[PDB]
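In what follows, a single structure is set out as structure tokens and then discussed.
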Amino acid sequence: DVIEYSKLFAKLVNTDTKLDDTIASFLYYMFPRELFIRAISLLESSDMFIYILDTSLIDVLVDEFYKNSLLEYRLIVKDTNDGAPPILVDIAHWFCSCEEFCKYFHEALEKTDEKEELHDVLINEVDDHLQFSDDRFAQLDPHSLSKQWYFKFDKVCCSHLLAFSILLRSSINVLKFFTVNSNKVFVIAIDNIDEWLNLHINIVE
Amino acid sequence: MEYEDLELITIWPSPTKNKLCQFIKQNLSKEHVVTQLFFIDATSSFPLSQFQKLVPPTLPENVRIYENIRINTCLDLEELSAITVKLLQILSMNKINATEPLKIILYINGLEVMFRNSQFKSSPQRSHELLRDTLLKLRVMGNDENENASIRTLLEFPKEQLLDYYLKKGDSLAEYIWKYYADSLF
Amino acid sequence: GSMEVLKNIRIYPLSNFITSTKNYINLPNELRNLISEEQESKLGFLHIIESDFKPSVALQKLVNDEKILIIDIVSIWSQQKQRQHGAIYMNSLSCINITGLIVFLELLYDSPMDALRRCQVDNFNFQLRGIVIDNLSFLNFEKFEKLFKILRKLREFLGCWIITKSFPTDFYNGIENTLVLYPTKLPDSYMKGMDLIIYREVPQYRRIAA
Amino acid sequence: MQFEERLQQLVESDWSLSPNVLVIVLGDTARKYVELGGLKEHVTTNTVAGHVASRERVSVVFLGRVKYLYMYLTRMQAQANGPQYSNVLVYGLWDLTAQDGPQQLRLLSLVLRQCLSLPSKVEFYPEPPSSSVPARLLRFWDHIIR
Ligand SMILES: [Zn+2]
């Protein structure tokens, strides 16, 4: 609606050391199909990883996500199901491998006309510079300074995108709340290719 | 009879010393270009007598001409190749512009003697190979397209070594060079 | 086990799975009726024998948007007077003996752009129709198999044809006959590989199938 | 245009000295086609400069399962020093992909997102029918990743 979800996610941390319940009470009612609690569950539940290719860790996450940093990283969510593959989460482009994403992505195509372009169906393009938003949530890079892109997360969203959105699309202090302050979200640098390749081995088959 | 129009290798049968000297003069005296005559001789007989008569060394203009006349005497194919080796380094230097454009005339006399003497100390396989390396070299050097250095070659043989030529008007060196090496005749 | 599949993945040049257009020797009338017209469109290696020094009226016709490499050992074709405007000329000291001819022909194959640069060709989008080496008799005095070897690889690689000249057997007697199936001395290893040999008799040309 | 049409024009293109191409041949049907000579009817070289390209500047790679394609590109973007391609042709990706409604989306989006994120001009032959779901996914991700 009228909200800047990016700042509102920054309102879940004060600093302190537990999530401001006023804000979390709001955010719950703003997402359908239980999205906000599962996003929050995932955040505390130590299935979130952020892998990097290899001066401090917290500093180079800050640099990329909070501000010319071209960093090769990976946002993985390990599944308790254990006979299940990892979950690859791309917030830059708004895509996740999870079954939840791919169901509503599919539904978005069934509601569509098959002569409609996906870009039209799934993305809000704003080219009038006076309507530019400071919201970073569900934002895509349009490859233009004359435009702004936002995915229609009403049409497709999943618990791992919202999750990593809350982590990487809000204040630095929400980032440090889950990483340097506690490890509910793991950040592993990786110095060798064979290990880098081995994260990907079951994402496709 | 003039340098711009010489073929890369030309054979001159039994040259009349009047026409030889009038030919050295007509060219070596050309202006704006420094043309040299390397006269290589097996027997050591340059037409000096008639030459002084035509180009008197006391006349001040003719001093430059003898400056450009290099007499040399080599007895075999082996030394002939070292003359052409020097000749290549002369043309290399003047190609760098390191000037007036060089024009060299190689004039070889009684080559078949220079073959002969080599054909003792060396085998006929080696001899034809030497003759070959040189003449083909001279032909490449003459064919070079840089005009700041040119070279043209002239082989004078007595007309009775050329016997096979006068029909169409053993195999002799002058004959063998006429069919297989030189561009034109007379 | 796909980490091991990835380890053994192998890169191939396109050239393994594609052809290079071949160029074929058409003939001028003067030489034509020594072979079946079906054998005349397969012609990739021709070798002509003649007693002239300058090239015969038939050979000049065998040579004349594309381009033709003439390796001019004699220093005839590349004289300023006679240069045709469809030709690439290599005239050099290194090429008078058969070792330097090969090293060039090897450079043409190994790294053709450096070869053609040594010929004052700076622009390579063109078809090399064929190579012409004139004349072979000067090459060996002291490999003729190696030369044909590399000449075939140039024909597979660039699709060009090959034309070669050599003197009849009279040249090989020597000065004053001092040096004494085919009427020229080119070892049959080389001579075999040639699609069509041609002798020039004095004013007629005839094939040699021996 | 057709695969062998764009392959032909890339070997024989004029030289900026030139393109350095990588051809990714996917699927066994396509491999038989390329290895057993089906190409060379439709792609030749005549130019000196095309001959060099056909040898030194165009690289063919055969991958049999989409799993290895993903792993291969993942290895490609992970090295800093490694061959740098101006053009990447991906042949036969549609054949491999059958084809449930949501399993098709997830695989293509992963595969498509991995290919278009390379420093090259990436192209998929045969071209998928314009209205088809792979063709629509390809346009969408191309706009996203452009
Ligand atoms: Zn998800």
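Lettering and numbering for the structure tokens are positional, with chains as A, B, ... in the shown order, residues counted from 1 in each chain, and ligands counted from 1 in the shown order.
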Which residues are near ligand 1 - at most 8 Å, using only C-alpha atoms and all ligand atoms? Format: as an NGL selection string.
:A and (87-89 or 95-101 or 157-161)
Using the selection just defined, write its residues with N, CA and C atoms as a PDB file, in the first residue's frame.
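Final output, part-v8.pdb:
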ATOM      1  N   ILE A  87      18.084 -24.753  -0.839  1.00  0.00           N
ATOM      2  CA  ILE A  87      17.209 -23.715  -1.373  1.00  0.00           C
ATOM      3  C   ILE A  87      18.063 -22.517  -1.786  1.00  0.00           C
ATOM      4  N   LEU A  88      18.063 -22.206  -3.088  1.00  0.00           N
ATOM      5  CA  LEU A  88      18.865 -21.104  -3.596  1.00  0.00           C
ATOM      6  C   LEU A  88      17.978 -19.876  -3.684  1.00  0.00           C
ATOM      7  N   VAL A  89      18.403 -18.798  -3.026  1.00  0.00           N
ATOM      8  CA  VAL A  89      17.591 -17.596  -2.856  1.00  0.00           C
ATOM      9  C   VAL A  89      18.339 -16.418  -3.462  1.00  0.00           C
ATOM     10  N   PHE A  95      14.095 -14.381  -6.893  1.00  0.00           N
ATOM     11  CA  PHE A  95      13.817 -15.758  -7.276  1.00  0.00           C
ATOM     12  C   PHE A  95      14.325 -16.702  -6.198  1.00  0.00           C
ATOM     13  N   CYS A  96      13.547 -17.763  -5.939  1.00  0.00           N
ATOM     14  CA  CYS A  96      13.923 -18.833  -5.019  1.00  0.00           C
ATOM     15  C   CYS A  96      13.557 -20.185  -5.630  1.00  0.00           C
ATOM     16  N   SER A  97      14.354 -21.218  -5.303  1.00  0.00           N
ATOM     17  CA  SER A  97      14.060 -22.567  -5.783  1.00  0.00           C
ATOM     18  C   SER A  97      12.918 -23.244  -5.028  1.00  0.00           C
ATOM     19  N   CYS A  98      12.541 -22.734  -3.846  1.00  0.00           N
ATOM     20  CA  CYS A  98      11.597 -23.392  -2.943  1.00  0.00           C
ATOM     21  C   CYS A  98      10.293 -23.758  -3.647  1.00  0.00           C
ATOM     22  N   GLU A  99       9.652 -24.835  -3.185  1.00  0.00           N
ATOM     23  CA  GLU A  99       8.364 -25.212  -3.773  1.00  0.00           C
ATOM     24  C   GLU A  99       7.332 -24.096  -3.649  1.00  0.00           C
ATOM     25  N   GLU A 100       7.435 -23.264  -2.603  1.00  0.00           N
ATOM     26  CA  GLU A 100       6.410 -22.254  -2.358  1.00  0.00           C
ATOM     27  C   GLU A 100       6.433 -21.197  -3.453  1.00  0.00           C
ATOM     28  N   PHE A 101       7.623 -20.652  -3.731  1.00  0.00           N
ATOM     29  CA  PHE A 101       7.814 -19.742  -4.853  1.00  0.00           C
ATOM     30  C   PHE A 101       7.264 -20.348  -6.133  1.00  0.00           C
ATOM     31  N   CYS A 157       5.467 -14.621  -3.619  1.00  0.00           N
ATOM     32  CA  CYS A 157       6.438 -14.430  -2.548  1.00  0.00           C
ATOM     33  C   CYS A 157       6.515 -15.718  -1.739  1.00  0.00           C
ATOM     34  N   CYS A 158       7.650 -15.901  -1.061  1.00  0.00           N
ATOM     35  CA  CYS A 158       7.948 -17.108  -0.299  1.00  0.00           C
ATOM     36  C   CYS A 158       8.662 -16.714   0.991  1.00  0.00           C
ATOM     37  N   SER A 159       8.693 -17.653   1.942  1.00  0.00           N
ATOM     38  CA  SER A 159       9.218 -17.376   3.277  1.00  0.00           C
ATOM     39  C   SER A 159      10.726 -17.104   3.297  1.00  0.00           C
ATOM     40  N   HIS A 160      11.492 -17.641   2.339  1.00  0.00           N
ATOM     41  CA  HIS A 160      12.946 -17.434   2.281  1.00  0.00           C
ATOM     42  C   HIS A 160      13.341 -16.118   1.635  1.00  0.00           C
ATOM     43  N   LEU A 161      12.502 -15.608   0.735  1.00  0.00           N
ATOM     44  CA  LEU A 161      12.750 -14.291   0.169  1.00  0.00           C
ATOM     45  C   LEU A 161      12.466 -13.207   1.203  1.00  0.00           C
TER      46      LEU A 161
END
Using the chain letters and numbers from this document, which residues of region 14-200 of chain C does DSSP assign to strand (DSSP E or B), as an NGL selection string?
:C and (45-49 or 67-72 or 87-90 or 127-134 or 161-166 or 196-200)
Using only C-alpha atoms, determine which residues of chain C fall within 7 Å of chain D; present them as an NGL selection string.
:C and (2 or 6 or 10-15 or 17-21 or 124-128 or 157-158)
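The shell of residues at most 10 Å from residue 76 (chain C), with only C-alpha atoms counted and near chain neighbours (fewer than 4 positions) removed, consists of residues 8, 139, 140, 143 and 183 of chain B; 53, 54, 55, 72, 80, 81, 82, 83, 91 and 134 of chain C.
By chain and then residue number, the residues within 9 Å of residue 164 (chain A) are residues 39, 43, 48, 75, 89, 91, 159 and 169 of chain A, counting only C-alpha atoms and disregarding those fewer than 5 positions away in sequence.
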With only C-alpha atoms as the atoms that count, which of B:9, B:87, B:99, B:186 lies nearest to chain C?
B:9
Taking only residues of chain C that have an atom at most 12 Å from an atom of chain A, what is each one's shortest atom pair and its distance in Å to one decimal, using only C-alpha atoms, in chain and number order, as CSV?
residue,atom,partner,partner_atom,distance
C:1,CA,A:201,CA,9.5
C:2,CA,A:201,CA,7.8
C:3,CA,A:201,CA,7.9
C:4,CA,A:194,CA,11.0
C:5,CA,A:201,CA,11.9
C:6,CA,A:197,CA,10.0
C:7,CA,A:194,CA,10.5
With 7 Å as the limit and counting only C-alpha atoms, what residues in chain D lie close to chain A? Please list them as a ChimeraX atom specification.
/D:67,71,74-75,101-102,105-106,131,136,140,144
Can you write just those residues out, N, CA, C and O atoms, as a PDB file, in the first residue's frame?
ATOM      1  N   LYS D  67      21.991 -31.218 -15.102  1.00  0.00           N
ATOM      2  CA  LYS D  67      22.789 -31.140 -13.877  1.00  0.00           C
ATOM      3  C   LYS D  67      24.236 -30.720 -14.156  1.00  0.00           C
ATOM      4  O   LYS D  67      24.790 -29.876 -13.445  1.00  0.00           O
ATOM      5  N   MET D  71      26.443 -27.230 -13.141  1.00  0.00           N
ATOM      6  CA  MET D  71      27.765 -27.313 -12.530  1.00  0.00           C
ATOM      7  C   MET D  71      28.853 -26.682 -13.401  1.00  0.00           C
ATOM      8  O   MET D  71      29.815 -26.116 -12.876  1.00  0.00           O
ATOM      9  N   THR D  74      28.557 -22.943 -13.335  1.00  0.00           N
ATOM     10  CA  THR D  74      28.917 -22.548 -11.980  1.00  0.00           C
ATOM     11  C   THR D  74      30.424 -22.523 -11.821  1.00  0.00           C
ATOM     12  O   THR D  74      30.975 -21.617 -11.186  1.00  0.00           O
ATOM     13  N   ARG D  75      31.109 -23.495 -12.414  1.00  0.00           N
ATOM     14  CA  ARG D  75      32.563 -23.438 -12.468  1.00  0.00           C
ATOM     15  C   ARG D  75      33.044 -22.324 -13.387  1.00  0.00           C
ATOM     16  O   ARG D  75      34.113 -21.747 -13.160  1.00  0.00           O
ATOM     17  N   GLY D 101       4.448 -28.754 -14.659  1.00  0.00           N
ATOM     18  CA  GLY D 101       4.200 -27.336 -14.736  1.00  0.00           C
ATOM     19  C   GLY D 101       5.092 -26.467 -13.884  1.00  0.00           C
ATOM     20  O   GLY D 101       5.566 -25.470 -14.374  1.00  0.00           O
ATOM     21  N   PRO D 102       5.357 -26.846 -12.644  1.00  0.00           N
ATOM     22  CA  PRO D 102       6.235 -26.069 -11.787  1.00  0.00           C
ATOM     23  C   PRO D 102       7.657 -26.551 -11.744  1.00  0.00           C
ATOM     24  O   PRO D 102       8.503 -25.830 -11.299  1.00  0.00           O
ATOM     25  N   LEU D 105       9.384 -24.610 -14.576  1.00  0.00           N
ATOM     26  CA  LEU D 105       9.731 -23.240 -14.220  1.00  0.00           C
ATOM     27  C   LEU D 105      11.014 -23.180 -13.409  1.00  0.00           C
ATOM     28  O   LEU D 105      11.886 -22.339 -13.665  1.00  0.00           O
ATOM     29  N   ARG D 106      11.147 -24.053 -12.414  1.00  0.00           N
ATOM     30  CA  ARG D 106      12.267 -23.930 -11.483  1.00  0.00           C
ATOM     31  C   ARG D 106      13.589 -24.271 -12.151  1.00  0.00           C
ATOM     32  O   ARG D 106      14.621 -23.640 -11.881  1.00  0.00           O
ATOM     33  N   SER D 131       5.401 -18.006 -28.116  1.00  0.00           N
ATOM     34  CA  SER D 131       4.407 -18.040 -27.051  1.00  0.00           C
ATOM     35  C   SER D 131       4.675 -19.107 -26.004  1.00  0.00           C
ATOM     36  O   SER D 131       3.971 -19.130 -24.985  1.00  0.00           O
ATOM     37  N   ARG D 136       9.028 -17.530 -23.048  1.00  0.00           N
ATOM     38  CA  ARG D 136       8.596 -16.431 -22.186  1.00  0.00           C
ATOM     39  C   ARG D 136       9.495 -16.300 -20.972  1.00  0.00           C
ATOM     40  O   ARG D 136       9.760 -15.184 -20.513  1.00  0.00           O
ATOM     41  N   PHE D 140      11.890 -12.981 -20.071  1.00  0.00           N
ATOM     42  CA  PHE D 140      11.744 -12.398 -18.745  1.00  0.00           C
ATOM     43  C   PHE D 140      13.087 -12.278 -18.039  1.00  0.00           C
ATOM     44  O   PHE D 140      13.466 -11.197 -17.571  1.00  0.00           O
ATOM     45  N   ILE D 144      15.466  -9.079 -16.819  1.00  0.00           N
ATOM     46  CA  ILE D 144      15.910  -9.000 -15.428  1.00  0.00           C
ATOM     47  C   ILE D 144      17.429  -8.862 -15.355  1.00  0.00           C
ATOM     48  O   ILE D 144      17.966  -8.014 -14.627  1.00  0.00           O
TER      49      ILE D 144
END
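The two atoms in question, CA of residue 89 (chain D) and CA of residue 109 (chain C), are spaced 28.2 Å apart.
CA of residue 43 (chain C) is found 20.0 Å from CA of residue 145 (chain C).
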Just the residues within 10 Å of residue 174 (chain C), please, counting only C-alpha atoms, with nothing from its chain fewer than 4 positions along; format it as a ChimeraX atom specification.
/B:124-125,128,170-173,176 /C:169-170,178-180
So that I can check the surroundings of residue 185 (chain B), please list as a ChimeraX atom specification every protein, DNA and RNA residue that reaches within 10 Å of it, counting only C-alpha atoms and ignoring chain neighbours fewer than 6 positions away.
/B:7,9-13,154-155,165,178
Could you save the residues just selected, with C-alpha atoms, as a PDB file, in the first residue's frame?
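So the final result, stored in result-v6.pdb, reads:
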ATOM      1  CA  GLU B   7      66.890  -6.798 -65.954  1.00  0.00           C
ATOM      2  CA  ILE B   9      70.426 -10.610 -64.337  1.00  0.00           C
ATOM      3  CA  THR B  10      71.555  -9.837 -67.918  1.00  0.00           C
ATOM      4  CA  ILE B  11      74.138 -11.662 -70.063  1.00  0.00           C
ATOM      5  CA  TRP B  12      76.381  -9.570 -72.298  1.00  0.00           C
ATOM      6  CA  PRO B  13      78.092 -11.500 -75.138  1.00  0.00           C
ATOM      7  CA  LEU B 154      75.692  -8.303 -65.635  1.00  0.00           C
ATOM      8  CA  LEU B 155      77.590 -11.432 -66.670  1.00  0.00           C
ATOM      9  CA  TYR B 165      72.267 -19.099 -78.451  1.00  0.00           C
ATOM     10  CA  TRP B 178      71.432 -18.396 -70.071  1.00  0.00           C
TER      11      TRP B 178
END
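The residue set within 10 Å of residue 79 (chain B), counting only C-alpha atoms and dropping same-chain residues fewer than 5 places from it, reads residues 73, 74, 84, 85, 114 and 118 of chain B.
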Filtering to N, CA, C and O atoms, could you give me those residues as a CSV table (one decimal), in the first residue's frame?
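To be explicit, this is the file written out as result_28.csv:
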chain,number,residue,atom,x,y,z
B,73,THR,N,89.0,-8.7,-57.6
B,73,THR,CA,89.4,-9.9,-58.3
B,73,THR,C,89.3,-11.0,-57.3
B,73,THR,O,89.9,-11.1,-56.3
B,74,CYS,N,88.4,-12.0,-57.7
B,74,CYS,CA,88.2,-13.2,-57.0
B,74,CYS,C,88.3,-14.4,-57.9
B,74,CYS,O,87.8,-14.4,-59.0
B,84,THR,N,79.3,-10.9,-52.7
B,84,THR,CA,77.9,-10.6,-52.6
B,84,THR,C,77.4,-10.5,-51.2
B,84,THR,O,76.4,-9.8,-51.0
B,85,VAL,N,78.1,-11.1,-50.2
B,85,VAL,CA,77.7,-10.9,-48.8
B,85,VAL,C,77.9,-9.5,-48.4
B,85,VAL,O,77.1,-8.9,-47.8
B,114,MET,N,85.8,-18.8,-62.5
B,114,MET,CA,85.5,-18.8,-61.1
B,114,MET,C,84.8,-20.1,-60.7
B,114,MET,O,85.1,-20.7,-59.6
B,118,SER,N,86.9,-23.3,-58.4
B,118,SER,CA,86.2,-23.9,-57.3
B,118,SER,C,85.9,-25.4,-57.6
B,118,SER,O,86.0,-26.2,-56.7
Quick one: pull the distance between CA of residue 34 (chain A) and CA of residue 138 (chain A), Å, one decimal.
17.9 Å
